[PDB]
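input.csv follows (CSV, N, CA and C atoms):
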```
chain,number,residue,atom,x,y,z
A,57,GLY,N,19.7,255.4,264.5
A,57,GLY,CA,19.0,256.0,263.4
A,57,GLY,C,17.7,255.3,263.1
A,58,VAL,N,16.7,256.1,262.6
A,58,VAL,CA,15.4,255.5,262.2
A,58,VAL,C,15.6,254.8,260.8
A,59,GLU,N,15.2,253.6,260.7
A,59,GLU,CA,15.4,252.8,259.4
A,59,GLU,C,14.6,253.5,258.4
A,60,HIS,N,15.2,253.9,257.3
A,60,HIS,CA,14.4,254.7,256.3
A,60,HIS,C,14.8,254.2,254.9
A,61,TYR,N,13.9,254.4,253.9
A,61,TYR,CA,14.1,254.0,252.5
A,61,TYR,C,15.2,254.7,251.8
A,62,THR,N,15.8,254.0,250.9
A,62,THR,CA,16.7,254.6,249.9
A,62,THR,C,15.8,255.0,248.7
A,63,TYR,N,16.3,255.9,247.9
A,63,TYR,CA,15.5,256.3,246.7
A,63,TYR,C,15.2,255.1,245.9
A,64,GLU,N,16.1,254.2,245.7
A,64,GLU,CA,15.9,253.0,244.9
A,64,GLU,C,14.8,252.1,245.5
A,65,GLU,N,14.9,251.9,246.8
A,65,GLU,CA,13.9,251.0,247.5
A,65,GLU,C,12.5,251.6,247.5
A,66,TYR,N,12.4,252.9,247.6
A,66,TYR,CA,11.1,253.5,247.6
A,66,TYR,C,10.5,253.6,246.2
A,67,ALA,N,11.4,253.8,245.3
A,67,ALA,CA,10.9,253.8,243.8
A,67,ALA,C,10.4,252.4,243.6
A,68,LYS,N,11.0,251.3,244.1
A,68,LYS,CA,10.6,249.9,243.8
A,68,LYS,C,9.2,249.7,244.5
A,69,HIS,N,9.1,250.2,245.7
A,69,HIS,CA,7.9,250.0,246.5
A,69,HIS,C,6.7,250.7,245.8
A,70,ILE,N,6.9,251.9,245.3
A,70,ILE,CA,5.9,252.6,244.5
A,70,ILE,C,5.5,251.8,243.3
A,71,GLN,N,6.4,251.2,242.6
A,71,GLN,CA,6.1,250.4,241.3
A,71,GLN,C,5.3,249.2,241.7
A,72,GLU,N,5.7,248.6,242.8
A,72,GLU,CA,4.9,247.3,243.3
A,72,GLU,C,3.5,247.8,243.5
A,73,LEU,N,3.3,248.9,244.1
A,73,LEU,CA,1.9,249.4,244.5
A,73,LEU,C,1.2,249.8,243.2
A,74,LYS,N,1.9,250.4,242.2
A,74,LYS,CA,1.2,250.7,240.9
A,74,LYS,C,0.8,249.5,240.2
A,75,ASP,N,1.6,248.4,240.2
A,75,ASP,CA,1.3,247.2,239.5
A,75,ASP,C,0.1,246.5,240.2
A,76,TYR,N,0.1,246.6,241.6
A,76,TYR,CA,-1.0,245.9,242.3
A,76,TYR,C,-2.3,246.7,242.0
A,77,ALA,N,-2.3,248.0,242.0
A,77,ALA,CA,-3.5,248.8,241.7
A,77,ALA,C,-4.1,248.4,240.4
A,78,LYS,N,-3.3,247.8,239.5
A,78,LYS,CA,-3.8,247.5,238.1
A,78,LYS,C,-4.3,246.0,238.1
A,79,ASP,N,-4.0,245.2,239.1
A,79,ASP,CA,-4.4,243.8,239.1
A,79,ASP,C,-5.9,243.8,239.2
A,80,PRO,N,-6.7,243.2,238.3
A,80,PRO,CA,-8.1,243.2,238.3
A,80,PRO,C,-8.7,242.6,239.7
A,81,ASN,N,-8.0,241.6,240.2
A,81,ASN,CA,-8.4,241.0,241.5
A,81,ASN,C,-7.7,241.6,242.7
A,82,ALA,N,-7.3,242.9,242.6
A,82,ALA,CA,-6.6,243.6,243.7
A,82,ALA,C,-7.6,243.9,244.8
A,83,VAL,N,-7.2,243.6,246.0
A,83,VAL,CA,-8.0,243.9,247.3
A,83,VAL,C,-7.5,245.2,247.8
A,84,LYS,N,-8.4,246.2,248.0
A,84,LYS,CA,-8.1,247.5,248.6
A,84,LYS,C,-9.1,247.9,249.6
A,85,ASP,N,-8.7,248.5,250.7
A,85,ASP,CA,-9.6,249.0,251.8
A,85,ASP,C,-9.9,250.5,251.5
A,86,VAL,N,-9.5,251.0,250.3
A,86,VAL,CA,-9.8,252.4,249.9
A,86,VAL,C,-10.2,252.3,248.4
A,87,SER,N,-10.8,253.4,247.9
A,87,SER,CA,-11.3,253.5,246.5
A,87,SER,C,-10.1,253.5,245.5
A,88,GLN,N,-10.4,253.3,244.2
A,88,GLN,CA,-9.3,253.4,243.2
A,88,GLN,C,-8.7,254.8,243.1
A,89,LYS,N,-9.6,255.8,243.3
A,89,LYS,CA,-9.2,257.2,243.2
A,89,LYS,C,-8.3,257.5,244.4
A,90,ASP,N,-8.7,257.0,245.6
A,90,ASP,CA,-7.8,257.3,246.8
A,90,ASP,C,-6.5,256.6,246.6
A,91,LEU,N,-6.4,255.4,246.1
A,91,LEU,CA,-5.1,254.7,245.9
A,91,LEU,C,-4.3,255.5,244.9
A,92,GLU,N,-4.9,256.0,243.8
A,92,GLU,CA,-4.1,256.7,242.8
A,92,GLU,C,-3.6,258.0,243.4
A,93,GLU,N,-4.4,258.7,244.3
A,93,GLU,CA,-4.0,259.9,245.0
A,93,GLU,C,-2.8,259.6,245.9
A,94,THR,N,-2.9,258.5,246.7
A,94,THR,CA,-1.8,258.1,247.6
A,94,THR,C,-0.5,257.8,246.8
A,95,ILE,N,-0.6,257.1,245.6
A,95,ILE,CA,0.6,256.9,244.8
A,95,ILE,C,1.2,258.2,244.3
A,96,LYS,N,0.3,259.2,243.9
A,96,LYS,CA,0.8,260.5,243.5
A,96,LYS,C,1.6,261.1,244.6
A,97,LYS,N,1.1,261.1,245.9
A,97,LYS,CA,1.7,261.7,247.1
A,97,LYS,C,3.1,260.9,247.3
A,98,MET,N,3.1,259.6,247.1
A,98,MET,CA,4.4,258.9,247.3
A,98,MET,C,5.4,259.3,246.3
A,99,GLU,N,5.0,259.5,245.0
A,99,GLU,CA,6.0,260.0,244.0
A,99,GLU,C,6.6,261.4,244.4
A,100,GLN,N,5.8,262.2,245.0
A,100,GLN,CA,6.3,263.5,245.5
A,100,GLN,C,7.3,263.3,246.6
A,101,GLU,N,7.0,262.3,247.5
A,101,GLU,CA,7.9,262.0,248.6
A,101,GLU,C,9.2,261.4,248.0
A,102,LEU,N,9.1,260.6,247.0
A,102,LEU,CA,10.3,259.9,246.4
A,102,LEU,C,11.3,261.0,245.9
A,103,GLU,N,10.7,262.0,245.2
A,103,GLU,CA,11.6,263.1,244.7
A,103,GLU,C,12.2,263.9,245.9
A,104,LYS,N,11.5,264.0,247.0
A,104,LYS,CA,12.0,264.7,248.2
A,104,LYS,C,13.2,263.9,248.8
A,105,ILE,N,13.2,262.6,248.6
A,105,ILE,CA,14.3,261.8,249.1
A,105,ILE,C,15.6,262.3,248.4
A,106,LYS,N,15.5,262.5,247.1
A,106,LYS,CA,16.6,262.9,246.2
A,106,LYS,C,16.9,264.4,246.5
A,107,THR,N,15.9,265.3,246.5
A,107,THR,CA,16.1,266.8,246.6
A,107,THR,C,16.2,267.4,248.0
A,108,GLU,N,15.7,266.6,249.0
A,108,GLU,CA,15.7,267.2,250.4
A,108,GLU,C,16.3,266.2,251.4
A,109,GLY,N,16.6,265.0,251.0
A,109,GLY,CA,17.1,264.0,252.0
A,109,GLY,C,16.0,263.5,252.9
A,110,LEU,N,14.8,263.6,252.4
A,110,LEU,CA,13.6,263.1,253.2
A,110,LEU,C,13.8,261.7,253.7
A,111,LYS,N,13.6,261.4,255.0
A,111,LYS,CA,13.8,260.1,255.6
A,111,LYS,C,12.3,259.6,255.8
A,112,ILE,N,12.0,258.6,254.9
A,112,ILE,CA,10.6,257.9,255.0
A,112,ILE,C,10.9,256.7,255.8
A,113,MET,N,10.3,256.5,256.9
A,113,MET,CA,10.5,255.3,257.8
A,113,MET,C,10.2,254.1,257.0
A,114,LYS,N,11.1,253.1,257.1
A,114,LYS,CA,10.9,251.8,256.4
A,114,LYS,C,10.3,250.8,257.3
A,115,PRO,N,9.4,249.9,256.8
A,115,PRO,CA,8.8,248.9,257.7
A,115,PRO,C,10.0,248.0,258.2
A,116,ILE,N,9.8,247.5,259.4
A,116,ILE,CA,10.8,246.4,260.0
A,116,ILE,C,10.0,245.1,260.0
A,117,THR,N,10.6,244.0,259.5
A,117,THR,CA,10.0,242.6,259.5
A,117,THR,C,10.5,241.9,260.8
A,118,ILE,N,9.8,240.9,261.3
A,118,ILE,CA,10.1,240.2,262.5
A,118,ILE,C,10.7,238.8,262.3
A,119,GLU,N,10.6,238.3,261.0
A,119,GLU,CA,11.2,237.0,260.8
A,119,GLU,C,12.7,237.2,260.2
B,57,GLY,N,-4.0,242.5,250.5
B,57,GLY,CA,-3.8,243.5,249.4
B,57,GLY,C,-3.5,244.8,250.0
B,58,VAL,N,-4.2,245.9,249.6
B,58,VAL,CA,-4.0,247.2,250.2
B,58,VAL,C,-4.9,247.4,251.4
B,59,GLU,N,-4.2,247.4,252.6
B,59,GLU,CA,-4.9,247.5,253.9
B,59,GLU,C,-4.2,248.5,254.8
B,60,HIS,N,-4.9,249.2,255.6
B,60,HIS,CA,-4.3,250.2,256.6
B,60,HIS,C,-4.4,249.6,258.0
B,61,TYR,N,-3.4,249.8,258.8
B,61,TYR,CA,-3.5,249.3,260.2
B,61,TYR,C,-4.5,250.1,261.0
B,62,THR,N,-5.1,249.3,262.0
B,62,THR,CA,-6.0,249.9,263.0
B,62,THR,C,-5.0,250.3,264.1
B,63,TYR,N,-5.5,251.1,265.0
B,63,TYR,CA,-4.7,251.4,266.2
B,63,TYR,C,-4.3,250.1,266.9
B,64,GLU,N,-5.2,249.2,267.1
B,64,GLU,CA,-4.9,247.9,267.8
B,64,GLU,C,-3.9,247.1,267.1
B,65,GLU,N,-4.0,247.0,265.7
B,65,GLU,CA,-3.0,246.2,264.9
B,65,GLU,C,-1.7,246.8,265.0
B,66,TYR,N,-1.6,248.2,264.9
B,66,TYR,CA,-0.2,248.8,264.9
B,66,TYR,C,0.4,248.7,266.3
B,67,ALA,N,-0.5,248.8,267.3
B,67,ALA,CA,0.1,248.7,268.7
B,67,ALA,C,0.6,247.3,268.9
B,68,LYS,N,-0.1,246.3,268.3
B,68,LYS,CA,0.4,244.8,268.4
B,68,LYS,C,1.7,244.7,267.6
B,69,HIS,N,1.8,245.3,266.4
B,69,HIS,CA,3.0,245.2,265.6
B,69,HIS,C,4.2,245.8,266.4
B,70,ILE,N,4.0,246.9,267.1
B,70,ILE,CA,5.1,247.6,267.9
B,70,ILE,C,5.5,246.6,269.0
B,71,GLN,N,4.5,245.9,269.6
B,71,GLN,CA,4.9,245.0,270.7
B,71,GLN,C,5.7,243.8,270.2
B,72,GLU,N,5.3,243.3,269.0
B,72,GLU,CA,6.0,242.2,268.3
B,72,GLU,C,7.5,242.6,268.0
B,73,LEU,N,7.7,243.9,267.7
B,73,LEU,CA,9.0,244.4,267.4
B,73,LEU,C,9.8,244.5,268.7
B,74,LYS,N,9.1,244.9,269.8
B,74,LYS,CA,9.8,245.0,271.1
B,74,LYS,C,10.2,243.6,271.6
B,75,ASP,N,9.3,242.6,271.3
B,75,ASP,CA,9.7,241.2,271.7
B,75,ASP,C,10.8,240.7,270.9
B,76,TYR,N,10.9,241.1,269.6
B,76,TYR,CA,12.0,240.8,268.7
B,76,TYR,C,13.3,241.4,269.2
B,77,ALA,N,13.3,242.7,269.6
B,77,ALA,CA,14.5,243.4,270.0
B,77,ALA,C,15.0,242.7,271.3
B,78,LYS,N,14.2,241.9,272.0
B,78,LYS,CA,14.7,241.3,273.3
B,78,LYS,C,15.4,240.0,272.9
B,79,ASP,N,15.3,239.4,271.7
B,79,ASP,CA,16.3,238.3,271.4
B,79,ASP,C,17.3,238.9,270.4
B,80,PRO,N,18.4,239.5,270.8
B,80,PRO,CA,19.4,240.2,269.9
B,80,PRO,C,19.8,239.2,268.8
B,81,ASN,N,19.8,237.9,269.1
B,81,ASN,CA,20.2,236.9,268.1
B,81,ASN,C,19.0,236.9,267.1
B,82,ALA,N,18.7,238.1,266.5
B,82,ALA,CA,17.7,238.3,265.5
B,82,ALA,C,18.3,238.1,264.1
B,83,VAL,N,17.4,238.0,263.1
B,83,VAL,CA,17.8,237.8,261.6
B,83,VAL,C,17.3,239.0,260.8
B,84,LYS,N,17.8,240.2,261.2
B,84,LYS,CA,17.4,241.4,260.4
B,84,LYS,C,18.5,242.4,260.2
B,85,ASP,N,18.5,243.2,259.2
B,85,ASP,CA,19.5,244.2,258.8
B,85,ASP,C,19.1,245.5,259.6
B,86,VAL,N,18.9,245.5,260.9
B,86,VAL,CA,18.7,246.7,261.7
B,86,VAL,C,19.5,246.5,263.1
B,87,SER,N,20.3,247.5,263.5
B,87,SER,CA,21.1,247.4,264.7
B,87,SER,C,20.1,247.6,265.9
B,88,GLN,N,20.6,247.3,267.1
B,88,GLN,CA,19.8,247.4,268.3
B,88,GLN,C,19.3,248.8,268.6
B,89,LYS,N,20.3,249.8,268.3
B,89,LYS,CA,19.9,251.2,268.6
B,89,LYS,C,19.0,251.7,267.5
B,90,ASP,N,19.2,251.2,266.3
B,90,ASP,CA,18.3,251.7,265.2
B,90,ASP,C,16.9,251.1,265.4
B,91,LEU,N,16.8,249.9,266.0
B,91,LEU,CA,15.5,249.3,266.2
B,91,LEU,C,14.8,250.0,267.4
B,92,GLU,N,15.6,250.4,268.4
B,92,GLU,CA,15.0,251.1,269.6
B,92,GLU,C,14.5,252.5,269.1
B,93,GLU,N,15.3,253.2,268.2
B,93,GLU,CA,14.9,254.5,267.7
B,93,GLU,C,13.7,254.4,266.8
B,94,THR,N,13.7,253.4,265.9
B,94,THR,CA,12.5,253.1,265.0
B,94,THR,C,11.3,252.9,265.8
B,95,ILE,N,11.3,252.0,266.9
B,95,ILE,CA,10.1,251.8,267.7
B,95,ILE,C,9.7,253.1,268.3
B,96,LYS,N,10.6,254.0,268.8
B,96,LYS,CA,10.2,255.3,269.3
B,96,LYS,C,9.4,256.1,268.3
B,97,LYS,N,9.9,256.1,267.1
B,97,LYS,CA,9.2,256.9,266.0
B,97,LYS,C,7.8,256.2,265.7
B,98,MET,N,7.7,254.9,265.8
B,98,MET,CA,6.5,254.2,265.5
B,98,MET,C,5.5,254.6,266.6
B,99,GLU,N,5.9,254.6,267.9
B,99,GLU,CA,5.0,255.0,269.0
B,99,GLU,C,4.4,256.4,268.8
B,100,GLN,N,5.1,257.3,268.2
B,100,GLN,CA,4.6,258.7,267.8
B,100,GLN,C,3.6,258.5,266.7
B,101,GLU,N,3.8,257.7,265.7
B,101,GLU,CA,2.8,257.4,264.6
B,101,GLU,C,1.6,256.7,265.2
B,102,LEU,N,1.7,255.8,266.1
B,102,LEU,CA,0.6,255.1,266.7
B,102,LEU,C,-0.4,256.2,267.3
B,103,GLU,N,0.2,257.1,268.1
B,103,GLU,CA,-0.7,258.2,268.7
B,103,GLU,C,-1.4,259.0,267.6
B,104,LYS,N,-0.7,259.2,266.4
B,104,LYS,CA,-1.3,260.0,265.3
B,104,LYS,C,-2.5,259.2,264.7
B,105,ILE,N,-2.5,257.9,264.8
B,105,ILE,CA,-3.6,257.1,264.3
B,105,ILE,C,-4.9,257.5,265.1
B,106,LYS,N,-4.7,257.6,266.4
B,106,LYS,CA,-5.8,258.0,267.3
B,106,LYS,C,-6.2,259.5,267.2
B,107,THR,N,-5.1,260.4,267.2
B,107,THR,CA,-5.4,261.8,267.3
B,107,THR,C,-5.6,262.5,265.9
B,108,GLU,N,-5.1,261.9,264.8
B,108,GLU,CA,-5.2,262.6,263.5
B,108,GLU,C,-5.8,261.6,262.4
B,109,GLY,N,-6.1,260.4,262.7
B,109,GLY,CA,-6.6,259.5,261.7
B,109,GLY,C,-5.6,259.1,260.7
B,110,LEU,N,-4.3,259.1,261.1
B,110,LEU,CA,-3.2,258.7,260.3
B,110,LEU,C,-3.4,257.3,259.7
B,111,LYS,N,-3.3,257.2,258.4
B,111,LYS,CA,-3.5,255.9,257.6
B,111,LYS,C,-2.1,255.3,257.3
B,112,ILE,N,-1.7,254.3,258.1
B,112,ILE,CA,-0.4,253.6,257.9
B,112,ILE,C,-0.7,252.4,257.0
B,113,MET,N,-0.2,252.3,255.8
B,113,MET,CA,-0.4,251.1,255.0
B,113,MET,C,0.4,249.9,255.5
B,114,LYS,N,-0.2,248.8,255.5
B,114,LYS,CA,0.4,247.5,255.9
B,114,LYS,C,1.2,247.0,254.7
B,115,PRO,N,2.2,246.1,254.8
B,115,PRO,CA,3.0,245.6,253.7
B,115,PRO,C,2.0,245.0,252.7
B,116,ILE,N,2.2,245.1,251.4
B,116,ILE,CA,1.3,244.5,250.4
B,116,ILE,C,1.5,243.0,250.3
B,117,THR,N,0.5,242.2,250.4
B,117,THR,CA,0.6,240.7,250.4
B,117,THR,C,-0.5,240.1,249.6
B,118,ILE,N,-0.4,238.7,249.4
B,118,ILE,CA,-1.4,237.9,248.6
B,118,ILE,C,-2.2,238.8,247.8
```
Using structure tokens, write down the structure from this file.
Amino acid sequence: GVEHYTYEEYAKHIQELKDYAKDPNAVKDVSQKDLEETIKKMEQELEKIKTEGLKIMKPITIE
Amino acid sequence: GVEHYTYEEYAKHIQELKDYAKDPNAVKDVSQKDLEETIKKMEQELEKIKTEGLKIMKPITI
């Protein structure tokens, strides 16, 4: 199986990204509007995990 | 911070995962078959970086 997020894990990931976007010293390779748009898209995907069983591939770490 | 992978960076990340899968005595909560299936899905996403401009966000850090 492809490693994928749980609703709880993805909700936490989204909150970490929301908190980071508000850090005055946040480093981003996209505009503030693009990041807010991406967070909106992730919130729609989060609800699809609950309502459609959407499998959002989870990153794998090597350590 | 918020950064997206380049094709080269993601290709390197996939190779580092392939190298990891070769020492089964790994320290992760992923089975060998789930790791192989996950790497297959990542190879499809790698091609989308080149053919569709897919933006894959890197883990958020420092």
Could you list, with a cut-off of 8 Å and counting only N, CA and C atoms, the residues of chain B near chain A, each shown with its nearest atom pair and the distance in Å rounded to one decimal, rows sorted by chain and ascending number, as a tab-separated table?
```
residue	atom	partner	partner_atom	distance
B:57	CA	A:83	C	4.4
B:58	N	A:83	C	3.8
B:59	N	A:85	N	5.0
B:60	N	A:85	CA	6.0
B:72	C	A:118	CA	6.5
B:73	CA	A:118	CA	6.5
B:76	CA	A:118	CA	6.5
B:82	C	A:119	C	6.9
B:83	C	A:119	C	5.0
B:84	N	A:119	C	6.0
B:85	N	A:117	N	7.9
B:86	CA	A:59	CA	7.3
B:87	C	A:57	N	7.9
B:88	C	A:57	N	7.8
B:89	C	A:57	N	4.8
B:90	CA	A:57	N	4.0
B:91	N	A:57	C	6.2
B:92	C	A:57	C	7.4
B:93	C	A:58	CA	5.0
B:94	N	A:58	CA	4.6
B:95	N	A:58	CA	7.2
B:97	N	A:58	CA	7.4
B:115	N	A:115	CA	7.7
B:116	CA	A:73	CA	7.7
B:118	C	A:83	N	7.2
```
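Residues in contact range of residue 95 in chain A, defined as at most 8 Å between all atoms listed in the file, with sequence neighbours fewer than 4 positions away removed, read residues 70, 73, 74, 89, 90, 91, 99, 100 and 101 of chain A.
Going from atom N of residue 102 in chain B to CA of residue 110 in chain A covers 19.0 Å.
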What's the separation between CA of residue 112 in chain A and CA of residue 68 in chain B, in Å to one decimal place?
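For CA of residue 112 in chain A relative to CA of residue 68 in chain B, the distance reads 21.3 Å.
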